[PDB]
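This document starts with one chain, in the form deposited in one PDB entry, laid out as structure tokens.
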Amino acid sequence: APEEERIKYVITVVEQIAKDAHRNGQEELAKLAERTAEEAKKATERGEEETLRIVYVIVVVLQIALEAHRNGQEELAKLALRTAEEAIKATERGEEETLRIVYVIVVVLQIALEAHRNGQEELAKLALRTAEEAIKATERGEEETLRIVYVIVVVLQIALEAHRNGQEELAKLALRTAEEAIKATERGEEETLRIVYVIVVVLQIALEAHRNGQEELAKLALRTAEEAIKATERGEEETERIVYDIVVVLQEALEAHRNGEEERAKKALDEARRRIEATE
């Protein structure tokens, strides 16, 4: 399993740095390596669970399209097919986004492995703390995607219940809400891909500069990628605030639909749609 061998090598290298730091006496490097190696384990475990929920979402959206076609409602089946296609495009973008983030971590840890092996302990500590911030930022993106997945799953359940209850207006309005949530996630993936590629370029500068002996250039480039990751985290914190404001609206739509007040549930999903379109 190539998806399993690359992760094992990443964790093995960092754990090897922690053992070498302890025998040499650098506990700051040891505690930084041990914590970074653990953050990678949690990012891998959280990534595996994130992949399963996304597959589950795609099955549900496709399941609705096949069911709505058999029940006669064709306009809802086309809307679910359009929603499913964008969910697939969103997942494929996340795959390339994940593939570039993994390369980010590998390059940084390669800098840390070479810096610690060549004696530059201050450069090795700088690389490991940048690697940890990159993993922490990735975990914050994984948790945020899971929050987005929950928004989609709740909306998909409303559309299925409304479809089986003959409430096509609420079913179409829900799928449209789930549709915009996927479009908003796509636009966030596009802007993130532009940032991650920019960070890859800067990290390749530090790796080559260290191998060629430009230590001052290597530290400044590695330092530049650190604040780029930190600046990206601060911007993502604001996006998390809006999503929580959307989840509260979906809970109002859930409670209005289960209690029969369908007019309040439609107004709630409509207000949530305007907020989603404004996010990105």
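Numbering starts at 1 and follows the sequence shown. We call the rigid core whatever largest set of C-alpha positions still superposes within 1.5 Å between the two forms.
Stretches 33-41 and 55-63 differ in mean CA B factor, with 33-41 having the higher one. Stretch comparison (136-144 versus 120-128) by mean CA B-factor in the PDB entry places 120-128 on top. When the modelled residues of the chain are ordered by their C-alpha B factor, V247 lands in the middle third. Ranked by Cα temperature factor within the chain, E86 sits in the lowest third according to the deposited record.
In this PDB entry, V198 carries a Cα temperature factor that places it within the middle third of its chain's modelled residues.
In this PDB entry, the Cα temperature factor of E50 sits in the bottom third of its chain's modelled residues, the lowest group. In the deposited entry, the Cα temperature factor of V154 places it in the lowest third of its chain's modelled residues.
The form deposited in another entry is left out here; the points below concern that form.
In a rigid-core overlay of the protein, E271 has its C-alpha displaced by under 2 Å between this form and the one not shown. The Cα position of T232 differs by less than 2 Å between this form and the one not shown after fitting on the rigid core. Once the rigid core is used as the reference frame, the Cα position of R258 differs between this form and the one not shown by less than 2 Å.
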